[PDB]
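K.L.:
Sharing a structure with you now.
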Amino acid sequence: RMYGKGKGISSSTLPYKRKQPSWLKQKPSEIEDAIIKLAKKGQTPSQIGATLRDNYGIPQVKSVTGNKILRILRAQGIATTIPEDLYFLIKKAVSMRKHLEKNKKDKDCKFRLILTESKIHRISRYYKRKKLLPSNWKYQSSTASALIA
Amino acid sequence: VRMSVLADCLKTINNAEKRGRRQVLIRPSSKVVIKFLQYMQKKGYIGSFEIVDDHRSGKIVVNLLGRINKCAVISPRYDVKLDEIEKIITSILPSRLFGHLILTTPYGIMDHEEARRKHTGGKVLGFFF
Amino acid sequence: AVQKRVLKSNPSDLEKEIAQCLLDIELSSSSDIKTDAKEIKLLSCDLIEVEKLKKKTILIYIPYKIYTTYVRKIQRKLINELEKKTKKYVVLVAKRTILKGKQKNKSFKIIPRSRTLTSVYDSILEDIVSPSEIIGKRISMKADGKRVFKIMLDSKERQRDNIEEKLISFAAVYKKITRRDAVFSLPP
Amino acid sequence: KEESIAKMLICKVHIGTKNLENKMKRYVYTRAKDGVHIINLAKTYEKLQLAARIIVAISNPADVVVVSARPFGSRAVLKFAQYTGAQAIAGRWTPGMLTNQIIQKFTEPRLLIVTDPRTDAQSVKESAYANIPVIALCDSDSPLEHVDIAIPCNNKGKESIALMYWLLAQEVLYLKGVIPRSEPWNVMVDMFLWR
Amino acid sequence: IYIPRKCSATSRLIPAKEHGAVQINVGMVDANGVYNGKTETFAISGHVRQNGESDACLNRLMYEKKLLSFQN
Amino acid sequence: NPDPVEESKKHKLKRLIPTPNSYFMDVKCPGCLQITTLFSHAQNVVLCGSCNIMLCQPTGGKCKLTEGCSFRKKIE
RNA sequence: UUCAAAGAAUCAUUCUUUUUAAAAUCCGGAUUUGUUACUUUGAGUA
RNA sequence: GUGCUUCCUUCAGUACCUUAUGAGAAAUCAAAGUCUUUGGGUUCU
Ligand SMILES: [Mg+2]
Ligand SMILES: [Mg+2]
Ligand SMILES: [Mg+2]
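Residue numbers (the entry's author numbering), protein chains in the order written: chain U, 3 to 151; chain K, 2 to 130; chain J, 3 to 190; chain C, 10 to 204; chain Z, 11 to 82; chain d, 7 to 82.
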């Protein structure tokens, strides 16, 4: 684990066969449409994937549709400006900051806030290095709260 | 974390040899590692090995002939010129008569003797006795 | 009248025969499927023999697009029909092109990994068995400086008269395509 | 042979003790609902046969010592010694026996037949300083350090041990020219057993 | 030129002052079950004996021959 | 023999060749009249087609699966 | 991310020859294809 | 056994015990091991 002393290995691990299984009836177009609908309804990539797995009969959008789900969202144009994980981190940070504002003496929270900030800065940096974030994007503790939306 | 797959693999192999195993599961296969294994096989130290393809970094399992004394990486893959080889080999491997000092060389990976025969030295991966 | 058009070559021995067979099937509607040779075409064929008492088997090199659209979908039916007609074992493969990495095509800029040699080989392996689907590839390096690919398929094929023979044929075809030894098998 | 198996069953060598010992796992068939470990028994037979063969392979029978410090295997080992050629030790093993040249009771064999490497561990240990092979009629839980052959049985149950010994003796006899096959061996179990 | 002995299991090859290591000798059968004259041989190094893998090694060796039949 | 292993699918998710322990389920309620489809280890609840009833109780691993019910594994 | 394959010599090994894709170039044949590190040959040094 | 309980396997913690043709100057150490058969990465001293 990047920050704790946590060393767990709980993980999804996908099956050997990566051409979709026989029982999968859904044609790709339908699944794409479903994905789009889910996106519209406010769900994030991971969440969307989960929904697809559970509510509909489909293991992996990658086996049914050549593309992964983020890619298809992008194609359809409903991709977030601000990437999933990063966004989540930002939200968490914001929450922490609110708590701090409320409740000044919380040392552990402060420590954890610092850690989350650091992680954001890593993630943020990575995104900048690609082209998902713009280069003009620092993350600010003052702004942050407004950013998430 | 991993850094040099190959080094780790070699260490594992060495450990197996020490215990006196027979089989041994080299856990991330790598083209380079495969090449190294092949080379070893060629010079007799290793038996068969069944590079098992997952759908990821593969696993090798490798069949041992109880024959290796040590095998190793020499990290910092020092560039090594053809004249500079001899001293290095003296430093490393136990006798001039045997052991092999494996270079990656622009003519694929091969041992010090092979390199000498060719003419090109290159970067030095590892060795066995 | 057609037949030459179903293939994409200058008619040669066996391709023509195959085309004729396809046409006949289309005309007749044998077993179940109908008008499916309207959709199909082919690029070329290759007859190959094996280490046998007897038997010759056939590659059918198919244009990739066609394979993706129609042949993938209805393969089992087609192959069986072909077998019934021409006793020579047949395999469909897609004529998919391989490209060297460092080389600079007019097309692309960077080879797609679809077109890489290894990927192509994997894809053709996938193609060649098609009644069944691969469980696990596993590459035995023999101590003699050989490499054997020990492929193992699922169940399904276990209910057939042609099993071992079919496997052998597959191996042979793989060898022909990619100068690679291979061995095939299933689980008990 | 089924007869041998039946005999074993009648005795108790199928039950090994609680505590499994990972290297003994292979010989154990499965655990029971009780909290015991049932030995695979075919394995016991085959292994026993192998042991017997090995024993026979010794040129003269006198230089193949046998040992049990247990009070209730001692008798069995004595019997074994009597029937084959082999020395028995029985009871108190002296620590110098296979190393200490100058000691009175020296006697360095070509095979050592322990009954239990848990209790008769000293002997086993000694076997290392004089390159003596060691076969062991060991339990489920026993340590197999220095033992070459491990016959899986039970040592706790004296009767079982005795039976095992008898079986071994019979096998050795068969291997040698003395009692031909098809004929069962005359002498009984109870003869080997403690009291 | 004394060429030393190779542990038949692990091939480690064993020196003079090893002791520990043992050359176990298995006597053959001839149809009846009676002791055939011949003897099939295994040297076992000290290391394996110390470990406790020795028994396993022996079993494997037997399997490789025909002497016993289960492997593990 | 590390390569051709037999009964050790009671290893962790990290075997020789990694599989998942999860699998898909052809499932039916008592009297909805259809294949509903399911994933064992499903986090969010699944509502059946007609009268939207809990089919799977969500949990910390392998959904508890409501009432009596019946499930075939999807197979292949 | 092109893995490999086959033939001849020598005492299982060594050194050699040949081909297995795609694009541009030349009269069906024949011949160019990222940068740097690294390495090899040179060149040039009182 | 009577949803919980046990037993099996397995994860992540976390100790202990025996054992080291493993280590160590020894005390001891499953890490202090895989080290003159010396090079997985890296910060500090
Ligand atoms: Mg860190
Ligand atoms: Mg980890
Ligand atoms: Mg050092």
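Think of the CB as a built atom: it goes at the ideal place given N, C-alpha and C, for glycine as much as any other residue.
Let me see if you follow: with CB-CB separation under 8 Å, is J:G138 close to chain d or not?
P.N.:
Taking Cβ atoms only, chain d reaches closer than 8 Å to J:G138, which makes this a yes.
K.L.:
In chain Z, which residues lie with their C-beta within 7 Å of the C-beta of K:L66?
P.N.:
Within 7 Å Cβ-Cβ: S21.
K.L.:
With a threshold of 16 other CB atoms inside 10 Å of the CB of residue 194 of chain J, please say whether the residue is buried or exposed.
P.N.:
Shown here, chain J extends from 3 to 190; a query on residue 194 of chain J therefore has no answer.
K.L.:
Does any heavy atom of ligand 1 sit closer than 7 Å to the C-beta of Z:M72?
P.N.:
The answer is no for Z:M72.
K.L.:
Let me see if you follow: with CB-CB separation under 8 Å, is U:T46 close to chain d or not?
P.N.:
Answer no: the Cβ-Cβ gap between U:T46 and chain d never drops below 8 Å.
K.L.:
Quick one, which residues of the region 46–61 of chain Z are near chain K if we go by CB-CB under 9 Å, in chain order?
P.N.:
Per Cβ criterion, the list reads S55, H57, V58, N61.
K.L.:
Quick check on C:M106: buried or exposed, where buried means 16 or more other Cβ atoms within 10 Å of its Cβ?
P.N.:
Buried: at least 16 other Cβ atoms inside 10 Å.
K.L.:
Check whether the Cβ of U:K7 lies closer than 7 Å to any heavy atom of ligand 5, and answer yes or no.
P.N.:
Judged by which ligands are present, ligand 5 is missing from the structure shown, whose ligands are ligand 1, ligand 2 and ligand 3.
K.L.:
Consider the Cβ of d:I81: report whether some Cβ of chain J lies at a distance smaller than 8 Å.
P.N.:
It does not; no Cβ of chain J falls within 8 Å.
K.L.:
Is DSSP giving C:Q113 helix, strand or coil here?
P.N.:
Looking at C:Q113 - three-state DSSP - the assignment turns out to be coil, as it is neither helix nor strand.
K.L.:
By alpha-carbon positions, which one of J:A39, J:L49, J:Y91 ends up nearest to J:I165?
P.N.:
The residue with the shortest Cα to Cα distance from J:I165 is J:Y91.
K.L.:
By Cβ distance, which residues of its chain are closer than 6 Å to J:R115, with the 5 residues on each side in sequence left out?
P.N.:
Around J:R115: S121.
K.L.:
Would the beta-carbon of U:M4 be found less than 7 Å away from any heavy atom of ligand 1?
P.N.:
Yes - ligand 1 has a heavy atom lying nearer than 7 Å to the Cβ of U:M4.
K.L.:
Tell me the DSSP secondary structure of Z:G56 in three-state form.
P.N.:
Reduced to three states, the DSSP call for Z:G56 is helix.
K.L.:
In the DSSP assignment, find the alpha helix (DSSP H) that holds K:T105 and state where it starts and stops.
P.N.:
Careful: K:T105 lies outside any alpha helix (DSSP H), inside the beta strand (DSSP E) at 101–106.
K.L.:
According to DSSP, which residues form a beta bridge with d:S76?
P.N.:
BP columns for d:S76 point to d:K34.
K.L.:
Would you report the Cα separation of U:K21 and Z:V39, rounded to the nearest angstrom?
P.N.:
One C-alpha to the other measures close to 57 Å.
K.L.:
Which residues of chain U have a Cβ atom closer than 8 Å to the Cβ of d:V52, listed in chain order?
P.N.:
The answer, in chain order, is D56, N57.
K.L.:
According to the neighbour-count rule (16 or more other Cβ atoms, all chains shown, within 10 Å of its Cβ), is J:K139 buried or exposed?
P.N.:
Flag for J:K139 reads buried.
K.L.:
Tell me, please, whether the CB atom of d:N27 is closer than 8 Å to any CB atom in chain K?
P.N.:
d:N27 does not count as touching chain K.
K.L.:
Check whether the region 42–55 of chain Z and the region 74–83 of chain C touch, using three or more Cβ-Cβ pairs below 8 Å as the test.
P.N.:
Short answer: they don't touch.
K.L.:
Out of J:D129, J:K43, J:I20, which has the shortest C-alpha to C-alpha gap to J:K87?
P.N.:
When only C-alpha atoms are compared, the closest one is J:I20.
K.L.:
Report yes if the C-beta of residue 195 of chain K is less than 7 Å from at least one heavy atom of ligand 2; otherwise report no.
P.N.:
The requested residue 195 of chain K is not part of the displayed model; chain K covers only 2 to 130.
K.L.:
Answer yes or no: does any C-beta atom of chain U fall closer than 8 Å to that of J:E53?
P.N.:
So no, J:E53 is outside the interface.
K.L.:
Give the C-beta separation of K:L98 and K:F128 to the nearest angstrom, bearing in mind that I take them to be a contact with Cβ-Cβ under 8 Å.
P.N.:
Contact doesn't hold; Cβ gap of about 15 Å is too wide.
K.L.:
At the level of alpha carbons, what is the spacing between J:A173 and J:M154?
P.N.:
Taking the straight line joining both Cα atoms gives about 12 Å.
K.L.:
Are the beta-carbon atoms belonging to J:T37 and J:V175 less than 8 Å from one another?
P.N.:
It is not a contact, given that the beta carbons lie outside the stated cut-off.
K.L.:
So, do the region 38–47 of chain C and the region 117–135 of chain C have three or more beta carbon pairs nearer to each other than 8 Å?
P.N.:
In short, these stretches do not touch, since the Cβ pair count stays below three.
K.L.:
Between the alpha carbons of d:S56 and d:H47, how many angstroms are there, rounded?
P.N.:
Using only the alpha carbons, I get a separation of about 23 Å.
K.L.:
Buried or exposed for C:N163, going by 16 or more other Cβ atoms inside 10 Å?
P.N.:
It is buried - the Cβ of C:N163 has at least 16 other Cβ atoms within 10 Å.
K.L.:
Are the region 21–34 of chain Z and the region 159–175 of chain C touching, with three or more C-beta to C-beta distances below 8 Å?
P.N.:
With a cut-off of 8 Å, the region 159–175 of chain C and the region 21–34 of chain Z do not count as touching, because too few Cβ pairs lie within range.
K.L.:
Whether or not the region 94–101 of chain U and the region 58–76 of chain U are in contact is what I'm after, with contact meaning three or more pairs of Cβ atoms, one per stretch, closer than 8 Å; do they touch?
P.N.:
The region 58–76 of chain U, when compared against the region 94–101 of chain U, does not touch it at the 8 Å Cβ threshold.
K.L.:
Can you tell me whether J:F186 is buried or exposed? The criterion is at least 16 other CB atoms within 10 Å of its CB, across all chains shown.
P.N.:
That one is buried.
K.L.:
Whose Cβ in chain K lies nearer than 8 Å to the Cβ of d:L19?
P.N.:
Within 8 Å Cβ-Cβ: nothing; d:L19 doesn't reach chain K, min ~13 Å.
K.L.:
Find out if the Cβ-Cβ distance for the pair K:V74, K:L7 is shorter than 8 Å.
P.N.:
Yes, the pair counts as a contact, with Cβ atoms nearer than the cut-off.
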